[PDB]
Amino acid sequence: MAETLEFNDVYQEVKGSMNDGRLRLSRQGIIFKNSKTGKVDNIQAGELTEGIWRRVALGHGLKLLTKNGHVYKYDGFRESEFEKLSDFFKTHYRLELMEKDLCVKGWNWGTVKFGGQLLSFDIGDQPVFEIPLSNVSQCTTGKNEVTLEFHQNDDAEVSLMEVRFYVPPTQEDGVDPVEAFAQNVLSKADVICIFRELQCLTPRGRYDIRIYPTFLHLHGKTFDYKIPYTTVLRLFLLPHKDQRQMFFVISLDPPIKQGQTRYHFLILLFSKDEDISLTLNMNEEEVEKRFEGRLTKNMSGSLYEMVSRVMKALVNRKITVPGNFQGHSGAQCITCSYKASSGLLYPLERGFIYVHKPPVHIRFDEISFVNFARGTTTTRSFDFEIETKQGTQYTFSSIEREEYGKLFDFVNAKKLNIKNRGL
Amino acid sequence: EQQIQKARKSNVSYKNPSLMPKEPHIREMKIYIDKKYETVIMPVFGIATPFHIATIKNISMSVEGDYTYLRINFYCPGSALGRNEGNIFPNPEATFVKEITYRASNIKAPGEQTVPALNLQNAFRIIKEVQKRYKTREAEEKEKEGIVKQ
Amino acid sequence: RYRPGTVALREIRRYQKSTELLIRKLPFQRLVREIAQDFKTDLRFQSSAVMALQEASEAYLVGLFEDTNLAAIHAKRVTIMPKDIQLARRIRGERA
DNA sequence: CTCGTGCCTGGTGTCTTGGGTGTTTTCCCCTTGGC
DNA sequence: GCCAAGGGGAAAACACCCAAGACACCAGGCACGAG
Numbered sequence: 001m002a003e004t005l006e007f008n009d010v011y012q013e014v015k016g017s018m019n020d021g022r023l024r025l026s027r028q029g030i031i032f033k034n035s036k037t038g039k040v041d042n043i044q045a046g047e048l049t050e051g052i053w054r055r056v057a058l059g060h061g062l063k064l065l066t067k068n069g070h071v072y073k074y075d076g077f078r079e080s081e082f083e084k085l086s087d088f089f090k091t092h093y094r095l096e097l098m099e100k101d102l103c104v105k106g107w108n109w110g111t112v113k114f115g116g117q118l119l120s121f122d123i124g125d126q127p128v129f130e131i132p133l134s135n136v137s138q139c140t141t142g143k144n145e146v147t148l149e150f151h152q153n154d155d156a157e158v159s160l161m162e163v164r165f166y167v168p169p170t171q172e173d174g175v176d177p178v179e180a181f182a183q184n185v186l187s188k189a190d191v199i200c201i202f203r204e205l206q207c208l209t210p211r212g213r214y215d216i217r218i219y220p221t222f223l224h225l226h227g228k229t230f231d232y233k234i235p236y237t238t239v240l241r242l243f244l245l246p247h248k249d250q251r252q253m254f255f256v257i258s259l260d261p262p263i264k265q266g267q268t269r270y271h272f273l274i275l276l277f278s279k280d281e282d283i284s285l286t287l288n289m290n291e292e293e294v295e296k297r298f299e300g301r302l303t304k305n306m307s308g309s310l311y312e313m314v315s316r317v318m319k320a321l322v323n324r325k326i327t328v329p330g331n332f333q334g335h336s337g338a339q340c341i342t343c344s345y346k347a348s349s350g351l352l353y354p355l356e357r358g359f360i361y362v363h364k365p366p367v368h369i370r371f372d373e374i375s376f377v378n379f380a381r382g383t384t385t386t387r388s389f390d391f392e393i394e395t396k397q398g399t400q401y402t403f404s405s406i407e408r409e410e411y412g413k414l415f416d417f418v419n420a421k422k423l424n425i426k427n428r429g430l
Numbered sequence: 499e500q501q502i503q504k505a506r507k508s509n510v511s512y513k514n515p516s517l518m519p520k521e522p523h524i525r526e527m528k529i530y531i532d533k534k535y536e537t538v539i540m541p542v543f544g545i546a547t548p549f550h551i552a553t554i555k556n557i558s559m560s561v562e563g564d565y566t567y568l569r570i571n572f573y574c575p576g577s578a579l580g581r582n583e584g585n586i587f588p589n590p591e592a593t594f595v596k597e598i599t600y601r602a603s604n605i606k607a608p609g610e611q612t613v614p615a616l617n618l619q620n621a622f623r624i625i626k627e628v629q630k631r632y633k634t635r636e637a638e639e640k641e642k643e644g645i646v647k648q
Numbered sequence: 041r042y043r044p045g046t047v048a049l050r051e052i053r054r055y056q057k058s059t060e061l062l063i064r065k066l067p068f069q070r071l072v073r074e075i076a077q078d079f080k081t082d083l084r085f086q087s088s089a090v091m092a093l094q095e096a097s098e099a100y101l102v103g104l105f106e107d108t109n110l111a112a113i114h115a116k117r118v119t120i121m122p123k124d125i126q127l128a129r130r131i132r133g134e135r136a
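Protein chains in written order, with the deposited numbering: chain k, 1 to 191, 199 to 430; chain j, 499 to 648; chain a, 41 to 136.
#1: Taking Cβ-Cβ distances below 7 Å as the criterion, which residues of the stretch 315–332 of chain k are in contact with chain a?
#2: For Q12 of chain k, count the other beta carbons within 10 Å of its own beta carbon; 16 or more makes it buried, fewer makes it exposed. Which is it?
#3: Can you give me the start and stop residues for the beta strand (DSSP E) that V362 of chain k sits inside?
#4: Give me, in chain order, the residues of the same chain whose beta-carbon lies closer than 6 Å to that of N153 of chain k; leave out the 5 immediate sequence neighbours on both sides.
#5: With 16 other CB atoms within 10 Å as the buried threshold, where does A99 of chain a fall?
#6: Excluding the 5 residues preceding and the 5 following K528 of chain j in the sequence, name in chain order all residues of the same chain whose CB lies nearer than 6 Å to its CB.
#7: Any Cβ of chain k within less than 7 Å of the Cβ of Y530 of chain j?
#8: In chain order, which beta strand (DSSP E) runs of at least 3 residues are fully inside the stretch 329–353 of chain k?
#9: Please identify, using Cβ separations under 7 Å, the residues of the stretch 250–273 of chain k that lie next to chain j, in order along the chain.
#10: One question on the structure: do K73 of chain k and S511 of chain j come within less than 7 Å of each other, judged by their Cβ atoms?
#11: Please classify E6 of chain k: does DSSP put it in a helix, a strand, or coil?
#12: For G580 of chain j and chain k, any beta-carbon pair shorter than 7 Å?
#13: What does DSSP give as the partner residue(s) for residue 198 of chain k in the beta ladder?
#14: Could you list which residues in chain j have their beta carbon closer than 7 Å to that of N288 of chain k, in chain order?
#15: Taking 7 Å as the CB-CB limit, is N589 of chain j close to chain k?
#16: Report all residues from its chain with a CB closer than 7 Å to the CB of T209 of chain k; omit the five preceding and five following residues, and keep chain order.
#17: Within 10 Å of its beta-carbon, does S80 of chain k have 16 or more other beta-carbons around it, so buried, or fewer, so exposed?
#18: Counting only Cβ-Cβ distances shorter than 7 Å, please list the residues of the stretch 150–175 of chain k near chain j, keeping chain order.
#19: Using a Cβ-Cβ cut-off of less than 8 Å, list which residues of the stretch 71–101 of chain a approach chain k; keep chain order.
#20: Which residues in chain a have a C-beta closer than 9 Å to the C-beta of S137 of chain k? List them in chain order.
#21: Is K533 of chain j close to chain k, meaning its C-beta is less than 7 Å from at least one C-beta of that chain?
#22: Could one say the Cβ of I624 of chain j lies closer than 7 Å to chain k's Cβ atoms, at least one of them?
#23: From which residue to which residue does the beta strand (DSSP E) around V128 of chain k run?
#24: In the DSSP assignment, find the alpha helix (DSSP H) that holds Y100 of chain a and state where it starts and stops.
#25: Can you tell which of k:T4, k:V418, k:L225, k:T386 has the C-alpha that lies nearest to the C-alpha of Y93 of chain k?
#26: Got a sec: which bits of the stretch 113–125 of chain a sit with their beta carbon under 9 Å from any beta carbon on chain k, in order along the chain?
#27: Measure the C-alpha to C-alpha separation of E610 of chain j and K33 of chain k and round it to an integer number of angstroms.
#28: So with CB distances below 8 Å, who are the chain a contacts of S349 of chain k?
#29: The alpha helix (DSSP H) that contains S315 of chain k, what's its start and end?
#30: How far does the beta strand (DSSP E) with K113 of chain k in it reach, from first residue to last?
#31: Could you check if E149 of chain k is buried or exposed, using at least 16 other CB atoms within 10 Å of its CB as the buried criterion?
#32: Express the C-alpha separation of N184 of chain k and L517 of chain j in angstroms, rounding to a whole number.
#33: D532 of chain j and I539 of chain j: beta carbons closer than 7 Å?
#34: Would you mind sorting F202 of chain k into buried or exposed? The rule is 16 or more other CB atoms within 10 Å of its CB.
#35: Could you tell me whether the Cβ of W109 of chain k comes closer than 7 Å to any Cβ of chain j?
#36: 7 Å is my cut-off, CB to CB: does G544 of chain j come that close to chain k?
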């Protein structure tokens, strides 16, 4: 065998990225000239503990474990080259290319083993895959869930940026496996904020808002979306007629493309008593710097008031609120129907908005004319007609005689053109 | 008189590491789908790792400024919602890969045969295809069993 | 099955020729006093008046739930949602 | 004195919206025609 | 030849039905409360 063996098709995995290199096995150790960095990585036989031969992206790879706790993965070896590699391996490293087979059964259940830096996830004793823990750049915990976010190593290819593990609570031991597991990961890891459990009416579901510097990553139970703050046309705070909830609206332009369907709005529903606590993973100087002392790095209080303030900053849009419109029933909106559904029509101080699906907004400037037709509740009830300057017509049906006068007083106060005003 | 019995099988992608494919995407650090084996092959931190489509619950994708994020959600405790089969898994106390999220830039990088995001966009699309086909063949067996040959 | 839970609850359906008030009398009586107080002070409430209100309201709310169930059923829904109460009230025209 | 009210958990099941039909209506392409 | 009117075709806007799934409700259980 040669005293050293050289190859050019092998690679090495580091911090969420694979890296090719000119591997040079020697009597002294493995010397690898990484071509992405040009660096020569030399690991001596004395630093090593184990060698493994198994599948990777470019076919098969060589896994090397050091006494240092650092665990190195190598790729690009063809499974057919085994003899050339292992013969030299056994001769100088007194080690062999062991069969720690990847579990190709394709299951998601397994076992997590902290084999130093290389965390192994194994179906029984066959690792499905293993991650060098040093690759974790940010980390968070939730009930029965471990979040691993790798370094945003933009120099990588199709890169596994996030992996999450679901950890069933242990039956034999009362100690929390998430904290225990989370700290064990963190004992090798390399680690803005999340408004957790947000009740969205649009899109429908419960999402966790992972705030980011220029966008909010609305993390969901299957889908997720990032909304660049630049796209928000407006922010609205609409008090629910129940006097117990509030609808927070975010006009989106562009609309998020929910599969084929698209939303020109983001609608949130929160109760007036739905308190929460928020922590910014930012320095207080930065918090003061961006928020003029109107807020603090740590706060607690009603989610609606708090969220309205937090997002008002990230997007700068002012919180839009209804004018002095408060119906005969006192609500700042009117019971109505638009299309094949019912929702709330809000007489804003400078426009009209139909709350909940299909969500629609109107500005007094877009109105051509409107009218209070003889409605559907009583012979003196009303239905409200709207036609836009765009020729697009909207009409809100079925509204009590009681709300006729208030909207009658309101539109005259907004001085908009009513079809029957010439009567 | 007496009660009724049932049986179940495991979702094995490949019998051994040698039977698993060697398709170009795998080499190319690309998320791949092996339709013949109802299996998705993905580069898990440089490791070509298979996942039988039967483990994937559903998928999602997001464009995050300069990047395209493909998110793969898998069946696991608490995620396998609605089914009375809570803890579907042959070993529910095992830890589970809840989900996998890959990102690739929306912009074609130098020398590529396909945009980084193009692999995600095709894997995303093809997963829904193979998944629905599998769900459908599965649904057949549920509706098919319990019928007397006329 | 002769065991408890079976016998009493089973037979209670037949023992229940009684017309037990479904809202707790004192918890309710306090609310009566409270709303009464909300209206005016010095209001002595005869237990008879408290009963009169309690029984009427329970049947009345059950009545409201009859309509609400219909309306849920109407919408092809089992779970009633406040919109049903509202629908029912609107249709009954029993609104302030 | 102890039954009733309540905080907490898991599950469902059941309400929501996405995907889709085909009906009532408009804007557009195609072509002939009149000054 | 330049300039214009008409029938028709493909499509859009709507009221409605069918499918999926997630949350939010009841069911289950241990504990505090005040009838």
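Backbone N, C-alpha and C fix where the C-beta goes; we use that ideal spot for every residue, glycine too.
So, to answer that:
#1: none
#2: buried
#3: 358–362
#4: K15, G16, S17
#5: exposed
#6: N617
#7: no
#8: 341–345
#9: none
#10: no
#11: strand
#12: no
#13: Missing from the coordinates: residue 198 of chain k, inside the break in chain k from 191 to 199.
#14: None at all; the shortest Cβ gap to chain j is about 18 Å.
#15: yes
#16: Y270, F272, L273, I274, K364, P366
#17: exposed
#18: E157, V158, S159, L160, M161, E162, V163, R164, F165, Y166, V167, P168, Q171
#19: none
#20: Simply none; closest approach about 44 Å.
#21: no
#22: no
#23: 126–132
#24: 87–114
#25: k:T4
#26: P122, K123
#27: 23 Å
#28: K123
#29: 310–322
#30: 109–115
#31: buried
#32: 35 Å
#33: yes
#34: buried
#35: yes
#36: yes
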